[PDB]
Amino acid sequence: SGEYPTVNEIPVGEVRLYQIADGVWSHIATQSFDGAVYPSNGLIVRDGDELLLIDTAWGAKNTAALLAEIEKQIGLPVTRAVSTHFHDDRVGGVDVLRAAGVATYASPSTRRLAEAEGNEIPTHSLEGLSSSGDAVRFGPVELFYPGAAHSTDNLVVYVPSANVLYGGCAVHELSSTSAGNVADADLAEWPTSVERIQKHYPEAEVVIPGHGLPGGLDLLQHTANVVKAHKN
């Protein structure tokens, strides 16, 4: 009823959208992993009479439900998708997207990691993102590689029309008291990568984490703090 959709509020398999700004939505779905249930976010950005999708809804059936929810709530076709790192909450559902005619993209680093680990593999490689601080344009967004953080390949996404910073899993929500799933993280480099985000996007008005509630720029410093506390 208007609040940001939450883990116990979304049954696994259902997707909800949340309007962030004009032409910008997040998508929220829930999934089970190792016997616990988690929410996750992605982004939808209007691209004229088409849509750009950022990240799957964490699973094949969730991603099919995402496409149906987009058709119900927005009614414009998803033509392209970018996955922001190689984990299943970002690429699981790429096969569904590809069979729905969506062109799927990720950095070569993400594609290699997904392939090696047995996750679904986006079709098209995004060059120009291999060095920290790199940025490229992709439709209505800028893609930025901040350096290793949650994963070595993690990308962030900025929507310049709306000053929306989608941090993906390199950014945590304010209520987080831990650093999430750090299995593939670089805890030592993560604060440096967050500092690069802060320096590059000082005008961000909304910051969206990979999991949990959006907020403002405070999410960046908070993320550095929780990561340093996990490491220390």
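Just count from 1 along the sequence shown to find any residue number. So that the term is clear: the rigid core is the largest set of C-alpha atoms that superpose within 1.5 Å between two forms.
Greater C-alpha displacement in 9 other deposited structures of this protein (rigid core superposition, RMS over structures and residues), of 204 to 212 versus 8 to 16: 8 to 16.
Look at the mean CA B-factor for 209 to 217 and for 5 to 13 in the entry; the higher one is 5 to 13. When the C-alpha B-factors of 171 to 179 and 54 to 62 are averaged, 171 to 179 comes out higher. Taking the deposited Cα B-factors for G128, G92, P146, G75, the highest one is held by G75. When the Cα B-factors of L67, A188, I44, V164 are read from the PDB record, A188 comes out highest. Ranked against the other modelled residues of its chain, the C-alpha B-factor of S26 as given in the entry falls in the lowest third. Ranked within its chain, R98 lands in the highest third, by CA B factor from the PDB record. In the deposited entry, the Cα temperature factor of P122 places it in the lowest third of its chain's modelled residues. Placement of the Cα temperature factor of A116 within the chain: highest third of the modelled residues, per the deposited record. When the CA B factors of the chain's modelled residues are split into thirds, the value for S40 lands in the lowest one.
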